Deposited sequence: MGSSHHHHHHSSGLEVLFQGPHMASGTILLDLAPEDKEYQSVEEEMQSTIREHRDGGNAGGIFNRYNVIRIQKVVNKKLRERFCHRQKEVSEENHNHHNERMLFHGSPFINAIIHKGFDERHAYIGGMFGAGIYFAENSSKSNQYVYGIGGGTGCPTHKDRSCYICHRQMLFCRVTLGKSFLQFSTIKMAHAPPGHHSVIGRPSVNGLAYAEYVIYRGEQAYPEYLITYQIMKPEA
């Protein structure tokens, strides 16, 4: 792989920062918690920093190109990603060519941890955890990524993003919340090199 995983200690500001971002972005979802489960907070088991020389080279190369195409600003954002492919991603990086066989074009990120949690076991939560088939499992360890995402010039729309590529002049697409539209933001990129899987978070949802 070339990937090293570095464990962050709970007493480190960096761990605490990531956990705070995860905990403070939990929101109530319009499915009544069906996809991701019913919870008010997570139990964070472990937070690991993902290091891979080649993946970083690719991410930094693309970031420079995007910066050049966007008035010298790459417009990086930290965003959550949840999907059943976390293990592949930390070793091989993001690969947009897998967007079809996954269930979708595009790689999707959320600014709310709880939105990404809805997707960890699949679209709509799939059938939940492998062991108990429970989308609201309080026992099984879940994983999500908190990633660096190069957004460049973002195309904003108040509708669900279903495009094949970013529009001309843009590097990402954001589906924006509105009245009678989306409830939470979703961020899409169309090239794997525009995201780096920086933090791997292992966690449980907690029963209220």
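### Query
Which runs of the deposited chain sequence never show up in the coordinates?
1-24, 129-130, 235-236 are the stretches of the deposited chain that have no C-alpha coordinates in the structure.
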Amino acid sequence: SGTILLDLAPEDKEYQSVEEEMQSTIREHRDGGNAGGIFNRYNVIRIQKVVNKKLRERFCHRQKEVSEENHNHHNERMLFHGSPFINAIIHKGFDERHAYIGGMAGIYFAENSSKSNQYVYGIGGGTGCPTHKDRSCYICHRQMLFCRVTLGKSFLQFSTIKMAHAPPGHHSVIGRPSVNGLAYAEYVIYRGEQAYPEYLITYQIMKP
From here on, numbers count along this sequence of modelled residues.
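Check your understanding: Of the other PDB entries compared that resolve residues on either side of residue 182, does at least a third omit it?
Key -> Residue 182: unmodelled in a third or more of the comparison entries.
* Asked: Once you work out the mean C-alpha B-factor for both 131-139 and 112-120 from the entry, which is higher?
  -> It is 131-139.
Check your understanding: Mean C-alpha B factor from the entry: is it higher for 36-44 or for 145-153?
Key -> Averaged over C-alpha atoms, the B-factors run higher in 36-44.
**Message:** Looking at 93, 106, 103, 82, which one carries the largest C-alpha B-factor according to the PDB entry?
**Reply:** Spelled out: the listed residue with the top C-alpha B-factor is 103.
- [ ] Sorting the chain's modelled residues by C-alpha B-factor, tell me whether residue 26 ends up in the lowest, middle or highest third.
- [x] For residue 26, whose C-alpha B-factor we compare with every modelled residue in the chain, the answer is the highest third.
Sorting the chain's CA B-factors, does residue 170 end up in the lowest, middle or highest third?
As the PDB entry reports it, the C-alpha B-factor of residue 170 lands in the lowest third of its chain.
Practice problem: Would you check the entry's CA temperature factor for residue 67 and let me know if it's in the chain's lowest, middle or highest third? | Solution: It belongs to the middle third of the chain when residues are ordered by C-alpha B-factor.
### Query
Lowest, middle or highest third: where is residue 200 by C-alpha B factor in its chain?
Lowest third - that is where residue 200 ends up once the chain's C-alpha B-factors are sorted.
Review point. Taking the entry's C-alpha B-factors for this chain, is residue 186 in the lowest, middle or highest third?
Key: Its C-alpha B-factor, which the entry lists for residue 186, ranks in the middle third among residues of this chain.
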